[PDB]
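Chemist:
Protein chains in written order, with the entry's author numbering: chain A, 212 to 263; chain B, 1 to 366; chain C, 159 to 263; chain D, 54 to 106; chain E, 212 to 263; chain F, 212 to 263; chain G, 1 to 122.
In structure tokens:
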């Protein structure tokens, strides 16, 4: 639900930097292993980072 | 070179040769190299399955001095049959007695040309059958074109199948949710005991699914708003940048969410007359988009290969317990120089060891 | 054999040009029956002046290129399209690129 | 061509394929011709367009 | 209210400088310290500097 | 009249190039000398060069 | 007053706009177009609140509609606010709208290739 919100989607679409392209159309799986999967979904907004 | 005219035997006209039409063959999966070759010397083979599980631990009072214990593991065994294919062909003198060669004026046919043509046809037929069988195995059930059921992996190994709905028709539907669902399924249902990266998977879809995915407003606007070569290439460039199947030099490809989508148009005709589309899913109208997803070879490495092909020996003398070969071809001479007859044999079965990793994709929603 | 005609419907803003181009490519690749690997993007396309004018004005084609900050996009809109080979009269011929297909007037 | 059907190993059945087809056609051709001639009176005392004498 | 106004947001979103990206999707807590927190919110616009 | 046309203006408005910046926001006086004026107005479009 | 983010799609936003205009309401936002239009045609429309206007003292100098059955000649480019002003002016003059051609349009502001198909009201 967090990623679908218009205020995030449109802000990152307007921004044009490698981070912006990766998060909107790239793969968000950049975190370290959790013991089962090689990577964990991660999202950056404001100063906080979210982990699933 | 000159031949008789159209409406007179006393006048000549010039012949310029022939033009040939050859049917299409696809053989896409056969070239990926997913299926390893595992020849065997028997008509059947076995496997062993081992399972165990763990659960949380419950606290106990210190003075009671009671404890818990874990149940033992379960061992099981299975077996497989194999499919046999055969066909026959013959050459007789009446095929070369006075029969003109299509591309010439007064040159007669010979045994060598007919031999070569018929052998090439046999090889083409066997290649087509191999491709169809590989695709059927990838679907999860191995069934002959006639419809006979030979292997049912989801029952051989006690496990179910998963389907993912994309809902591409709905303008507001989100695709990243379905992609993440697929990734988590592949990462969780392996139970290989090691770290797994679900980002390594093939996703093969049909024409309608590809068009619906490409033309969805959410994908199109997102890729249109970005200034990067990938965005430029997909939106206004050519999407045909994949490998070569048996017909076309490039397969439609699309990139989104780190997943790579490929469009496969392969289809064959049964001798009953009906058409067997390779990417279709059983008992679903062709108007709905459909695809199949399966892991890459590197997702687990050669140490834990998942796809295999078995080859058995020929029934004829001198091959009682030999290792087995992909194709056998034999020739014999007819009685009192009457002609020649050929034979081609095959004996194989493709299978999968972890069928729960095969996921089907649909464009509709339920 | 039966001839095939491909309709682009350039006067309808909602028309899908990509569908027509894909139809053309599929026809080329499937109806050859040559028994060899065939690339459907290696085709000449000769069009009339009216066809060129209608194609260039289509909202989809114009907007897609106007949204791109690449040298090709600038040249094809605010530049000159006479980059083709010599004609018997003209020193250059109109050329337009879209979807990997090259149109010549 | 067409797909094959499964055959059991211990009964020795088989399958066969149909033959091919041939056909022929013809074409006429087109002919062109034109004529010209040169006569001395066309050159006798004719001034060259770009010069005086 | 100020950081949310449509005009300010659109004006900063139409830019492509590092400052524009930071103020819209980054963390504004780049200010000095007070007695309770290390950094105070800060915003730049029209040459004036706002601190919460 | 030519300069104001919506199509001519729009074509250059969205283009990131020094020529586009100069022709839309800069001065169009970049020609030669007519004997009365130091520079003459000029404009580029479609490969043609218009002069006043 | 059209409240912010009241529609999920431009396709429904235009329907709401036409329905409101047929009720005698008038709108004019040429002077602050930048702060109303969202980024794309698939975002939530409108970005900010739009208030009615008391008067509609507006008349394009160029001919409007281009023809009986088309607001603008195919491929015409116009300022986004001007499109809404011109469609409103046409509707005021008895015309009715069938559909708005915005399927493949990419950019929303400051210029857009929007167009409309007109008919006669009853």
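Idealized CB from N, CA, C, for every residue including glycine.
Whole angstroms is fine: what's the gap from residue 348 (chain B)'s alpha carbon to residue 237 (chain B)'s?
Modeler: Here residue 348 (chain B) corresponds to residue number 348 of the second chain, with the count starting at 1. Here residue 237 (chain B) corresponds to residue number 237 of the second chain, with the count starting at 1. Approximately 43 Å, taken between the alpha carbons.
Chemist: Give the single residue among G:107, G:77, G:105, G:94 whose Cα lies nearest to the Cα of residue 18 (chain G).
Modeler: Stepping through the seventh chain from its first residue, residue 18 (chain G) is reached at position 18. Among G:107, G:77, G:105, G:94, the Cα nearest to that of residue 18 (chain G) is on G:94.
Chemist: Since residue 6 (chain G) meets chain B, which of its residues come closer than 7 Å, beta carbon to beta carbon?
Modeler: Counted from its first residue, the seventh chain places residue 6 (chain G) at position 6. Those do not exist, as residue 6 (chain G) stays about 15 Å from chain B at its closest Cβ, beyond 7 Å.
Chemist: Quick check: is the beta carbon of residue 224 (chain A) nearer than 7 Å to any beta carbon in chain H?
Modeler: In the structure shown, chain H does not exist; the protein chains are A, B, C, D, E, F and G.
Chemist: Report the residues of the stretch 71-104 of chain B with a CB closer than 7 Å to any CB of chain D, ordered along the chain.
Modeler: Listed by position, the residues of the stretch 71-104 of chain B near chain D (Cβ gap below 7 Å) are 83, 84, 85, 86, 87, 88, 89, 102.
Chemist: Taking the alpha carbon of residue 81 (chain G) as the point to measure from, which residue in G:110, G:58, G:24 has its own alpha carbon closest?
Modeler: Locating residue 81 (chain G) in the seventh chain gives position 81, counting from the first residue. Among G:110, G:58, G:24, the Cα nearest to that of residue 81 (chain G) is on G:110.
Chemist: For the beta strand (DSSP E) containing residue 16 (chain G), name the first residue and the last one.
Modeler: By 1-based counting over the seventh chain, the position of residue 16 (chain G) is 16. No beta strand (DSSP E) holds residue 16 (chain G); the alpha helix (DSSP H) holding it covers 10-21.
Chemist: For residue 9 (chain G), which residues in chain B fall below 9 Å Cβ to Cβ?
Modeler: Along the seventh chain, one-based indexing puts residue 9 (chain G) at 9. The answer, in chain order, is 171, 172, 217.
Chemist: Please report the distance separating the alpha-carbon of residue 17 (chain B) from that of residue 102 (chain B).
Modeler: Residue mapping note: residue 17 (chain B) aligns to position 17 of the second chain, counting from 1. Residue mapping note: residue 102 (chain B) aligns to position 102 of the second chain, counting from 1. Rounded to the nearest angstrom, the two C-alpha atoms are 8 Å apart.
Chemist: Contact check, residue 28 (chain B) vs residue 364 (chain B) under 8 Å by CB: the rounded distance?
Modeler: Numbered from 1 along the second chain, position 28 holds the residue referred to as residue 28 (chain B). Numbered from 1 along the second chain, position 364 holds the residue referred to as residue 364 (chain B). Not a contact, Cβ separation roughly 25 Å.
Chemist: Any idea if residue 324 (chain B) is buried or exposed, counting beta-carbon neighbours within 10 angstroms, 16 or more meaning buried?
Modeler: As a first step, residue 324 (chain B) is located in the second chain; it is residue number 324 there, counting from the start. Buried, because 16 or more other Cβ atoms sit within 10 Å of the Cβ of residue 324 (chain B).
Chemist: Can you tell me whether residue 272 (chain B) is buried or exposed? The criterion is at least 16 other CB atoms within 10 Å of its CB, across all chains shown.
Modeler: Taking the first residue of the second chain as position 1, residue 272 (chain B) is located at position 272. Exposed, since its Cβ has fewer than 16 Cβ neighbours within 10 Å.
Chemist: What residue from C:178, C:224, C:251 has the CA that sits closest to residue 218 (chain F)'s CA?
Modeler: Reading the sixth chain from its first residue, position 7 is the one you call residue 218 (chain F). Among C:178, C:224, C:251, the Cα nearest to that of residue 218 (chain F) is on C:224.
Chemist: Can you tell me whether residue 232 (chain C) is buried or exposed, with buried defined as 16 or more other CB within 10 angstroms of its CB?
Modeler: In the third chain, residue 232 (chain C) corresponds to position 74, counting from 1. Buried.
Chemist: Is the stretch 165-178 of chain C close to the stretch 158-178 of chain B, with three or more CB pairs under 8 Å?
Modeler: The stretch 165-178 of chain C vs the stretch 158-178 of chain B: no contact.
Chemist: Does the stretch 206-220 of chain B touch the stretch 10-26 of chain B, meaning 3 or more C-beta pairs lie closer than 8 Å?
Modeler: No, they do not touch.
Chemist: Could you pull the DSSP bridge partners for residue 293 (chain B) from this structure?
Modeler: As a working mapping, residue 293 (chain B) is identified with position 293 in the second chain. Looking at the DSSP assignment, residue 293 (chain B) forms a beta bridge with B:203, B:359.
Chemist: Taking only beta-carbon positions, decide if residue 367 (chain B) is within less than 7 Å of chain A.
Modeler: The structure shown does not extend to residue 367 (chain B), since chain B is modelled only from 1 to 366, so the question has no answer here.
Chemist: Helix, strand or coil: which one does DSSP assign to residue 1 (chain B)?
Modeler: Mapped onto the second chain, residue 1 (chain B) falls at position 1. Three-state DSSP puts residue 1 (chain B) in coil, outside helix and strand.
Chemist: By the 7 Å beta-carbon criterion, what residues does the stretch 262-294 of chain B contribute toward chain C?
Modeler: Within the stretch 262-294 of chain B, no residue has a Cβ that lies closer than 7 Å to any Cβ of chain C.
Chemist: Taking 7 Å as the threshold (beta carbon to beta carbon), is residue 211 (chain C) in contact with chain F?
Modeler: Taking the first residue of the third chain as position 1, residue 211 (chain C) is located at position 53. Not one chain F Cβ lies under 7 Å of residue 211 (chain C).
Chemist: Among B:115, B:80, B:78, which residue has its Cα nearest to the Cα of residue 95 (chain B)?
Modeler: Counted from its first residue, the second chain places residue 95 (chain B) at position 95. Among B:115, B:80, B:78, the Cα nearest to that of residue 95 (chain B) is on B:115.
Chemist: Based on Cα-Cα distance, which residue from B:310, B:181, B:251 lies nearest to residue 38 (chain B)?
Modeler: Walking along the second chain from the start, residue 38 (chain B) turns up at place 38. If we check each option's Cα against that of residue 38 (chain B), B:310 comes out closest.
Chemist: Is residue 55 (chain D) close to chain B, meaning its C-beta is less than 7 Å from at least one C-beta of that chain?
Modeler: Translated into positions along the fourth chain, residue 55 (chain D) becomes position 2. Yes, residue 55 (chain D) counts as interfacial toward chain B.
Chemist: Would you mind giving the Cβ-Cβ distance between residue 119 (chain G) and residue 70 (chain G), rounded to the nearest angstrom? I have them listed as a contact below 8 Å.
Modeler: In the seventh chain, counting from the first residue as 1, residue 119 (chain G) sits at position 119. In the seventh chain, counting from the first residue as 1, residue 70 (chain G) sits at position 70. About 11 Å separates the two Cβ atoms, so there is no contact after all.
Chemist: Residue 92 (chain B) and residue 339 (chain B) - do their beta-carbons sit closer together than 7 Å?
Modeler: The residue labelled residue 339 (chain B) in the question sits at position 339 within the second chain. The residue labelled residue 92 (chain B) in the question sits at position 92 within the second chain. Yes, these two residues count as a Cβ contact at 7 Å.
Chemist: Reducing DSSP to helix, strand and coil, say where residue 223 (chain E) ends up.
Modeler: As a first step, residue 223 (chain E) must be located in the fifth chain, where it is residue number 12. In this structure, residue 223 (chain E) counts as helix in the three-state DSSP scheme.
Chemist: Less than 7 Å between C-beta atoms, sequence neighbours within five positions excluded: which residues of the same chain meet that for residue 48 (chain B)?
Modeler: Counting from one through the second chain, the residue named residue 48 (chain B) turns up at place 48. 75, 77.
Chemist: What are the residues that DSSP puts in a beta bridge with residue 314 (chain B)?
Modeler: Within the second chain, the letter at position 314 stands for residue 314 (chain B). Partner(s): none; residue 314 (chain B) has no beta bridge.
Chemist: Report the rounded CA-to-CA distance for residue 227 (chain E) versus residue 226 (chain A), giving the unit in angstroms.
Modeler: For the purposes of this step, residue 227 (chain E) is identified with residue 16 of the fifth chain, where counting begins at 1. For the purposes of this step, residue 226 (chain A) is identified with residue 15 of the first chain, where counting begins at 1. The straight-line gap from Cα to Cα measures roughly 7 Å.
Chemist: Can a CB atom of chain G be found closer than 7 Å to the CB of residue 245 (chain A)?
Modeler: Looking up residue 245 (chain A) in the first chain gives position 34. Judged by the 7 Å Cβ criterion, residue 245 (chain A) is not in contact with chain G.
Chemist: Can you find a C-beta in chain E that's less than 7 Å from the C-beta of residue 257 (chain A)?
Modeler: For the purposes of this step, residue 257 (chain A) is taken as the residue at position 46 of the first chain. Yes - at least one Cβ of chain E is within 7 Å of the one on residue 257 (chain A).
Chemist: In this structure, does DSSP put residue 238 (chain F) in helix, strand or coil?
Modeler: One-based indexing of the sixth chain puts residue 238 (chain F) at position 27. Note: residue 238 (chain F) maps to coil in three-state DSSP.
Chemist: Going by the CB atoms, is the gap between residue 135 (chain B) and residue 278 (chain B) shorter than 7 Å?
Modeler: On the second chain, residue 278 (chain B) is found 278 positions in, with the first residue counted as 1. On the second chain, residue 135 (chain B) is found 135 positions in, with the first residue counted as 1. The answer is yes: Cβ separation under 7 Å.
Chemist: Report the neighbours of residue 81 (chain G) on chain A: residues whose CB is nearer than 8 Å to its CB, in chain order.
Modeler: For this step, residue 81 (chain G) is matched to residue 81 along the seventh chain. In chain order: nothing, as chain A lies at least about 20 Å away.
Chemist: For residue 1 (chain B), tell me which candidate among B:104, B:67, B:320 has the shortest Cα-Cα distance.
Modeler: As a first step, residue 1 (chain B) must be located in the second chain, where it is residue number 1. Checking every option, the nearest Cα to that of residue 1 (chain B) belongs to B:104.
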